[PDB]
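The chain contents come next:
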Amino acid sequence: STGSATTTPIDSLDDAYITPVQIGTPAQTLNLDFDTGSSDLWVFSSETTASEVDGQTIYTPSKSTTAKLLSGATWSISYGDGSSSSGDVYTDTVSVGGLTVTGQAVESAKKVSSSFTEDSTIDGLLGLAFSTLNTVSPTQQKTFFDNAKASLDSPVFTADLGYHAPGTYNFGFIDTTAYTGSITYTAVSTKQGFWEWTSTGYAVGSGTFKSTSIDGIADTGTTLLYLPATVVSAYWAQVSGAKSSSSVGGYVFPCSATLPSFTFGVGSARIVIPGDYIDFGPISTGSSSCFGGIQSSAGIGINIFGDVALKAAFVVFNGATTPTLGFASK
Ligand SMILES: NCc1ccc(C(F)(F)F)cc1
Ligand SMILES: NCc1ccc(C(F)(F)F)cc1
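Residues numbered from 1 in each chain as written, not as in the entry; some residues may be left out. Chains lettered and ligands numbered in written order. Heavy atoms only, no water. Residues with missing side-chain atoms left out of burial classes, pairs and counts.

Draft legend 1. Broad picture of the domain arrangement of the protein. Segmenting the protein into domains produces domain 1 (5-174) and domain 2 (175-330). A separation of 25 Å is found between the C-alpha centroids of domain 1 and domain 2. Residue-level contacts link 29 residues of domain 1 with 34 residues of domain 2. Listing elements by their share of the side of domain 1 that touches domain 2, those giving two or more residues are β3 (28-35), β9 (156-160) and β10 (167-171). (Domains from an automatic or database assignment. Contact = heavy atoms within 4.5 Å. Helix = DSSP H or I, 4+ residues; strand = E, 2+ residues; numbered from the N terminus.)

Draft legend 2. Up close: the sheet that holds strand β15 (residues 243-245). Reading across the sheet, the four strands line up as β15-β16-β20-β19 and stay open at both edges, with antiparallel pairing between neighbours. At either end of the open sheet lies a strand with only one pairing partner, and these are β15 and β19 (279-282). Neighbour-to-neighbour, the strand axes of this sheet turn through a mean angle of 40°, independent of strand direction. Bridge analysis of β19 against strand β20 (residues 289-292) gives two bridges, and the strand direction is antiparallel. Across the sheet, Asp 279 pairs through a bridge with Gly 292, a residue of β20. (Pairing = 2+ DSSP bridges. Axes fitted to C-alpha atoms, helices over the stretch in contact; angles between N-to-C directions.)

Draft legend 3. Structural detail: the sheet that holds strand β14 (residues 225-227). Across the sheet, seven strands lie side by side as β18-β17-β12-β13-β22-β14-β21; this open sheet has mixed pairing. Here the strands that pair on one side only, and so sit at the sheet edges, are β18 (269-273) and β21 (294-296). Between one strand axis and the next, the sheet turns through 45° on average, direction left out of account. As paired strands, strand β12 (residues 196-204) and strand β17 (residues 262-266) are joined by three bridges and run antiparallel to one another.

Draft legend 4. The site of ligand 2, seen in detail. Taken together, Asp 33, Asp 35, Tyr 79, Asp 81, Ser 83, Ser 115, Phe 116, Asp 119, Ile 122 and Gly 221 make up the full set of residues adjacent to ligand 2. Between ligand 2 and the protein, one listed contact pairs a nitrogen atom with a backbone N or O atom of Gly 221 at 2.9 Å. Coverage of ligand 2 by the protein amounts to 82% of the 320 Å² it exposes when considered alone. With respect to the pocket detection grid, ligand 2 is positioned in the largest pocket. When residues of the shell around ligand 2 are traced back to their parent elements, those giving at least two are β3 and α1 (114-117). Looking at the shell around ligand 2, its residues break down into three nonpolar, three polar and four charged. (Near = heavy atom within 4 Å. Polar contact = N/O pair within 3.5 Å; in protein donor to acceptor, adjacent residues only side chain to side chain. Areas by Shrake-Rupley, 256 points an atom, 1.4 Å probe, with all protein chains shown as cover. 1 Å grid on protein atoms, 1.4 Å probe; cavity = no way out; pocket = protein on both sides within 12 Å on 5 of 7 lines; lining within 4 Å. Sits in = over half its atoms within 2 Å of the grid points. Nonpolar A, V, L, I, M, F, W, Y, C, P; charged D, E, K, R; others polar.)

Draft legend 5. Structural detail: the nonpolar core. One finds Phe 171, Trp 236, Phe 262, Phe 264, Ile 273 and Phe 327 to be the most contacted residues of the largest nonpolar core, which totals 72 residues. A domain split of this core shows at least three residues from each of domain 1 (5-174) and domain 2 (175-330). Non-local contacts of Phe 262, meaning those with residues more than four positions away in its chain, are made with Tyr 202, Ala 203, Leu 225, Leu 227, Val 231, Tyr 235, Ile 271, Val 272, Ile 273, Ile 278 and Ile 294. (Core = buried A, V, L, I, M, F, W, Y, C linked by side-chain atoms within 4.5 Å. Buried < 20%, exposed > 50% of the residue type's maximum accessible area, 1.4 Å probe, protein only.)

Draft legend 6. The arrangement of unusual backbone geometry in detail. Of note, the bond from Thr 25 into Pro 26 is cis; its omega dihedral lies within 30 degrees of zero at -5°. Relative to the helices and strands, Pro 26 is located in the loop between β2 (17-23) and β3. Cis geometry marks the peptide bond from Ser 137 to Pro 138; its omega dihedral reads 5°. With respect to the helices and strands, the residue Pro 138 is situated in the loop between β8 (124-127) and α2 (144-148). Phi is positive for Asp 14, close to 60°, though the residue is something other than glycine. With respect to the helices and strands, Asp 14 occurs in the loop between β1 (3-9) and β2.

Take a look at the structure:
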C-alpha cells in the first residue's frame, strides 16, 4: 500500500509545515508537524490543561470507538529548543493520506510548554526518526513509519517541501516525476536514533567547493540550517554588514542585502540552496535587520540539515534494513 499527503507552511516564512492526519473512528483530523528528528506521535487532546490550549484542534479519545488507553504508560519529551510536553498514551487507528495503521500509539498531552501553546496552527507532532528514541515508558512504542513498513510497497517515505508553497509527503513509493536528474544515496548511521549522514562539503555562492566531512541529521522538524562555526562564518563573511548578534542570538544581516546561495555535497552530487531561502525576514516588525537562515551549531552539539536545506531537494528516507538517505535536485 501507499500514502500521499499535502504539507503546507504555517506562515509566510516557512517556519514549520503541517500535514492533515486522521486519528480515531470516526476520523478526527489534526494538522501535525512531521518531524524526522523525533519519534513520538503526540497531540493536543481533551486531557490537555485548558489554559495551555489556544486554538489548537484537540483529539478526544472518548469519542473514538477504536481508542484504547494503554494502561500505566506515560511519555515525556524535551526538544533541543527547550520545548517539552508530557501525558498518557492511547492506541488508535491513524491514517495519513490514505495509508492506515491500526494500533498506533497516540500520546495524549496533559501538559505542553508555552512555545506549543502559542503555535495555534500545530495540533501535534508525528515523529519519523528511529523508534529507539520514543519516550513512552515503561514500554517503548513504534513510530507510524515503523508500524506501516510491512504493508508499504517499498519501505520508504519522501519529503518534498515547498518554498513558500505546499509540498508532499509520500509513503511507500518514489514519485519519479517530482525531481530532476538522478537520486544520490548516502549512508545513514542510526547509532543516535536520527537520520544521520555525512555531507561531503560546501560552497558559498559561486566560490570554490570545499571538500570536508560534515556529520549532521536530516530534520524536517527544525526550521533552519545549523552548521559548524567555521562554515557559517565563511558564509556570512560574503554578506555586507552581516554580523553575529548576541542579543538576537545569531547572525543577522541588513534586509536590503542580496544573499548568496549555499551548496552542500551529497556524495559526488551538489545541492544548491538559493540565497532567497536563507532570508527569514526582520528580527522585529519594522526592523531593517533581518534574521539569517544559516546559523552556528556550536551551542547545539550536532549539525542539523533543517527545512532550509531539505526544501531545496527531493529527499528519500529509505527505511530498508540498511537505511539510506537519497537527495535529488528539483
Ligand atoms: N526535530 C527534533 C529535534 C530536536 C532537537 C534536536 C537536537 F537539538 F537535539 F539535535 C534534534 C532533533
Ligand atoms: N523540532 C521539534 C519542534 C517542532 C516545533 C516546535 C515549535 F515551534 F512548535 F515549538 C518545537 C520543536
